[PDB]
Amino acid sequence: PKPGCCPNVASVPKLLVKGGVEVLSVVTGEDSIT
Amino acid sequence: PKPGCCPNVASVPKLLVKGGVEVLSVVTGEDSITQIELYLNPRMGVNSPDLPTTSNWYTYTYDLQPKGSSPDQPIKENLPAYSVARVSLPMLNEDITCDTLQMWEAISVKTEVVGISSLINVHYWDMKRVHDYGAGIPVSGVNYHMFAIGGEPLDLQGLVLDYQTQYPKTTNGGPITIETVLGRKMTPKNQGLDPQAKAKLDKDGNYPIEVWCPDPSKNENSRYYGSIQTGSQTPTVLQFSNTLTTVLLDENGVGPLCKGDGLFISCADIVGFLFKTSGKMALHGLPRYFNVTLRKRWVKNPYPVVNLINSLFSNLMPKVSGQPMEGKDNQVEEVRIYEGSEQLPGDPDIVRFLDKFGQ
Amino acid sequence: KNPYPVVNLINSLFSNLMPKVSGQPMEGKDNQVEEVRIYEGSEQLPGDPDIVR
Amino acid sequence: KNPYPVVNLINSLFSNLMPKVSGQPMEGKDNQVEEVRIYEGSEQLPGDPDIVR
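Residue numbers (PDB author numbering), protein chains in the order written: chain F, 20 to 53; chain D, 20 to 378; chain S, 319 to 371; chain C, 319 to 371.
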């Protein structure tokens with residue numbers, strides 16, 4: 020977990036579900052992107 | 020005087036109101052216990068004791084015999100059926116600051132069959148004897164029991180013993196089967212179970228026993244206890260008592276919440292054949308007692324009340340047919356959900372299942 | 319960042335560790351799994367457990 | 319922000335909470351309600367009670 024001994028990457032919005040139609044039922048946070 | 024001289028008497032929760040149906044209009048405190056009890060007559064093809072042409076065989080069936088010529092056509096009152104009730108529950112005070120409200124919750128249903136000592140009625144002018152100059156053989160054979168309490172009506176996986184049967188068409192209130200709940204011809208898939216045949220139960224004597232069992236898949240809000248003991252001349256057994264209490268509480272302490280303040284009681288107690296002396300046979304149900312002990316407890320409402328009422332006004336909420344975007348064989352391919360943020364994955368097309376790498 | 323864990327990945331290749339079966343279809347179009355729910359955390363008690371979204 | 323007040327909206331929907339009755343016409347062209355006043359507060363005594371504001 021040492022920052023000076025391990026490289027860092029950019030910040031990208033996290034995938035949470037990828038699938039069919041029946042995954043719109045997922046309870047998300049206050050600020051999501053669908 | 021002081022409690023040291025007067026003898027101490029142990030406390031019991033006192034009885035406030037006792038009486039018929041119109042007790043339930045009373046307003047209680049925050050914490051109270053209602054102990055509503057009820058029975059129901061078993062609908063057995065012969066629904067009511069008032070038709071004079073068919074009233075002698077109430078809570079029986081007719082000559083329930085095999086036809087012998089393919090296919091069969093059973094009569095509306097030849098095949099047995101369930102029975103369902105609904106006691107009405109009062110309004111009770113809600114809240115709006117915490118979006119919480121009260122609902123009735125059953126905790127321990129008590130039950131007993133009230134017609135059980137009528138089974139030893141051996142003397143009867145049609146019971147088939149065991150031998151010459153004998154007594155008739157008493158009522159036995161096919162035994163079946165299923166009672167169900169719950170806030171929603173209990174639902175069912177419809178599976179018939181053979182798809183070749185032709186139950187009568189329900190122009191009037193008639194026997195609703197898997198033929199008339201979908202409209203197609205009864206395919207031979209329905210001898211095994213089938214997921215697209217899931218009817219609900221909302222009529223008396225119109226959803227037969229011989230076409231389905233209660234579904235164990237969708238009934239999470241209604242518990243049910245069932246049994247079977249079948250065979251031609253097998254002895255039935257039944258124990259009835261006044262000191263059994265079946266606790267209804269789930270793994271997480273919740274109960275069977277009354278959904279729309281309904282307390283659907285659903286039962287069927289078909290037990291035994293009585294042998295007619297000509298050789299005919301007939302199924303005979305017995306009426307079931309209940310004792311539900313509803314208790315008030317708090318809950319948070321599932322739905323927002325604001326967006327819910329907007330669905331009724333057609334100028335405000337439109338609904339079109341269009342092309343199918345839901346269900347089976349629809350035209351929506353991929354749905355993503357992006358929440359939060361993290362480090363960059365290896366590709367934006369991560370496959371999650373383990374096995375599909377060789378395909 | 320590495321998308322796939324290397325340890326679960328190598329179990330997928332052998333027929334001993336990841337047994338494949340010509341079984342009844344539980345993944346696909348005609349499959350028979352009816353209601354798969356997943357729980358997480360804790361919250362207040364909802365009104366009816368068959369929440370129609 | 320919800321523009322429609324829900325308490326002003328939900329009463330208009332039920333037949334029992336808001337009864338609609340097929341009476342005689344009290345609004346429109348043939349209104350039989352003839353004159354309606356309204357009083358708010360109390361000022362000093364006006365010139366004649368036949369005055370109209």
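Note that the Cβ used here is the ideal one computed from N, Cα and C, for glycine as well.
A straight-line Cα-Cα distance of about 44 Å links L98 (chain D) and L34 (chain D).
Put simply, the CB of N320 (chain C) is near chain D, with a gap under 9 Å to one of its CB atoms.
The C-beta separation of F294 (chain D) from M146 (chain D) comes to about 6 Å, placing the pair in contact by the 8 Å criterion. If you draw a 10 Å sphere on the C-beta of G304 (chain D), you find 16 or more other C-beta atoms in it, and that means buried.
Considered as a whole, the region 42-81 of chain D harbours 56-59 as its complete beta strand (DSSP E) runs of no fewer than 3 residues, in chain order. Listed in chain order, the positions of the region 89-121 of chain D with a beta carbon within less than 7 Å of a beta carbon of chain C would be empty, since no residue qualifies.
In the three-state scheme derived from DSSP, where H, G and I count as helix and E and B as strand, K208 (chain D) is classed as helix.
Secondary structure note for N326 (chain S): it is in no beta strand (DSSP E), and the uninterrupted alpha helix (DSSP H) holding it is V324 to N329. Closest by C-alpha distance to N66 (chain D), out of D:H142, D:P227 and D:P214, is D:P227.
Taking 9 Å as the cut-off, the beta carbon of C286 (chain D) is found closer than this to the beta carbon of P61 (chain D). For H142 (chain D), same chain residues with a beta-carbon under 7 Å away, outside a window of 5 residues either side, do not exist.
Take the alpha-carbon of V200 (chain D) and the one of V351 (chain D): they are about 28 Å apart.
For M344 (chain D), the nearest CB of chain F lies under 9 Å from its own CB, placing it at the interface with that chain.
At the C-beta level, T265 (chain D) and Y163 (chain D) stay beyond 9 Å of one another. Judged by DSSP secondary structure, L335 (chain D) falls outside any beta strand (DSSP E); it is assigned neither H nor E. The beta carbon of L335 (chain C) does not come within 9 Å of any beta carbon belonging to chain D, so the residue lies off that interface.
One Cα belongs to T130 (chain D), the other to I195 (chain D), and the distance between them is close to 28 Å. Closer than 8 Å at the C-beta level to chain D, one finds these residues of the region 27-46 of chain F: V28, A29, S30, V31, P32, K33, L34, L35, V36, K37, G38, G39, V40, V42, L43 and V45. Rounded to the nearest whole angstrom, the C-alpha separation of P306 (chain D) and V133 (chain D) is 6 Å. With the rule of 3 Cβ pairs closer than 8 Å, the region 34-52 of chain F does not count as touching the region 319-328 of chain S. Less than 9 Å separates the beta-carbon of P172 (chain D) from that of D221 (chain D).
Selection S:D348, S:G359 and S:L363 evaluated against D118 (chain D) yields S:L363 as nearest (Cα-Cα). Within chain D, the residues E358 and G359 have their CB atoms less than 8 Å from the CB of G48 (chain F), given in chain order. The alpha helix (DSSP H) runs lying completely inside the region 115-153 of chain D and spanning 4 residues or more number zero. The region 168-187 of chain D and the region 255-263 of chain D do not touch, with fewer than 3 CB-CB distances between them shorter than 8 Å. Taking 8 Å as the upper bound for CB-CB distance, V149 (chain D) and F292 (chain D) are not in contact here, some 14 Å apart.
Within chain D, no residue has its beta carbon less than 7 Å from that of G341 (chain S); the closest one is some 12 Å off. Under the rule that a run must span 3 or more residues, the beta strand (DSSP E) segments found entirely inside the region 236-319 of chain D read 241-248, 283-287, 289-294, 300-304, 307-310 and 314-319. Chain S has no Cβ within less than 9 Å of the Cβ of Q183 (chain D). Against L331 (chain D), the close residues of chain C are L331, in the order they occur along the chain (beta-carbon pairs closer than 9 Å).
Excluding the 5 residues flanking it on each side, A104 (chain D) has same chain C-beta neighbours closer than 6 Å at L59 and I284, in chain order.
For the C-beta of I55 (chain D), not a single chain C residue is nearer than 7 Å; the gap to the nearest is close to 25 Å. In the structure shown, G155 (chain D) falls within a strand segment according to DSSP collapsed to helix, strand and coil.
Of the candidates D:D151, D:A216, D:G192 and D:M165, D:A216 places its Cα closest to the Cα of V179 (chain D). About 7 Å separates the beta carbons of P233 (chain D) and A167 (chain D), which is inside the 8 Å limit, making them a contact pair.
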